[PDB]
Amino acid sequence: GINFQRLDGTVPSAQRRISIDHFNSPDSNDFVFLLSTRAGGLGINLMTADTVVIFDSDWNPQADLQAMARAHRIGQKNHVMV
DNA sequence: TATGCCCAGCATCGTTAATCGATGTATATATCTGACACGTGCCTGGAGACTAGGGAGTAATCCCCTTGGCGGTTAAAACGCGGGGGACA
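Within every chain, numbering proceeds from 1 in written sequence order, not necessarily in step with the numbering of the entry, and residues without coordinates do not appear. Numbering of ligands from 1 and lettering of chains from A proceed in the order in which they are written. Only a portion of a larger assembly is displayed here, and every value given applies to that displayed portion alone. Hydrogen atoms and water are omitted, and side-chain values are computed over all heavy atoms in the structure. Residues with missing side-chain atoms are left out of burial classes, side-chain pairs and their counts.

Chain A carries the name Chromo domain-containing protein 1 in the PDB entry, which gives Saccharomyces cerevisiae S288C as its organism. According to the PDB record, the title of this entry is "Structure of two molecules of the chromatin remodelling enzyme Chd1 bound to a nucleosome".

Quick look at the structure:
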């Protein structure tokens, strides 16, 4: 029972856009959001988010460094956690 | 003289026994052919023995090619609906 949405490599521009905003709005319930390495770090920014967790290194140095870049941006007012 | 009576006389039927011949069944012998093994004779195409050499084995290095992963469009596969025309009787 935890409210979420997924962020894959398979989604229409219109549908991708709807949720990204739904998420950074002031009063959004879902604190769980799952993303891709190339599809996740693709672009965008997450300003509400503080914690980011890595299952496995992304066969390379730095795909992760941007992967955290989407969440760790100028706005975030809640430190950061990785 | 004709008509019933005595004394032979071969063919009718059936039954017994000996005989020539056909059929069925052994039983040891004399052909028929078809060999497979051996020794006869000879050739050399293989075996046996030795050499020499170059192919192929292996090992050590290289670098090209094949597989992989990924993501964007953009055609293609997929589906269905509908009804016509070919299959099949």
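What goes into a patch is any residue over 30% in relative accessible area without a salt bridge, connected to like charges within 9 Å or, for nonpolar side chains (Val, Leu, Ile, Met, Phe, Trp, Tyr), within 5 Å. Under the convention used here, a 1.4 Å probe and the Shrake-Rupley method define accessible areas, while residue burial counts only the protein chains that appear. For salt bridges, the criterion is a side-chain nitrogen of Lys or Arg within 4 Å of an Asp or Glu carboxyl oxygen. Where nonpolar side chains cluster on the molecular surface, the patch consists of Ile2, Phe4, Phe31 and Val32 and spans about 420 Å² of accessible area. Take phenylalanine 4: it is sitting in strand β1 (residues 4–6). Helix and strand definitions follow DSSP, with helices as H or I runs of at least four residues and strands as E runs of at least two, each counted in order from the N terminus.

Attention now moves to the side chain of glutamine 76. Along the chain, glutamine 76 falls in the segment after α2 (63–67). A polar contact is formed between the side chain of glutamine 76 and the backbone oxygen of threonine 48, at a distance of 2.8 Å. Under the rule applied, a polar contact is a pair of N or O atoms within 3.5 Å (in protein, one hydrogen donor and one hydrogen acceptor; residues adjacent in sequence only if both atoms are side-chain atoms).

Moving on, we come to the environment of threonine 48. As for its placement among the helices and strands, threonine 48 is situated in the loop between β2 (32–34) and α2. C-alpha separation for the pair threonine 48 and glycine 75, spaced 27 residues apart in sequence, amounts to 8.2 Å. Two residues qualify as a contact provided that any one of their heavy atoms is within 4.5 Å of a heavy atom in the partner residue. The contact partners of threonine 48, leaving out residues within four places of it in the chain, are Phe23, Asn24 and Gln76. Among the polar contacts made by the side chain of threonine 48, one reaches the side chain of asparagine 24 at a distance of 3.3 Å.

Looking at where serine 36 falls in the secondary structure, it is placed in the loop between β2 and α2. Sequence separation between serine 36 and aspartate 8 is 28 residues, and the spatial gap between their C-alpha atoms is 6.2 Å. Residue contacts for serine 36: discarding those within four places in its chain leaves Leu7, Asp8, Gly9 and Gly41. One polar contact links the side chain of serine 36 to the main-chain carbonyl oxygen of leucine 7, over a distance of 3.2 Å.

This part takes up the pattern of salt bridges. Taken as a whole and judged by the stated rule, the model has 1 salt bridge. The shortest N-O distance in the salt bridge between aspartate 8 and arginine 6 comes to 3.8 Å. Buried means the residue's accessible area, taken with a 1.4 Å probe over protein chains only, is under 20% of the maximum for its type, while exposed means over 50%, and partly exposed covers the values in between. A residue is classified by how much of its surface remains accessible, and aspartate 8, at 38% relative accessible area, is partly exposed. Under the relative-accessibility criterion, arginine 6 is labelled exposed at 61%.

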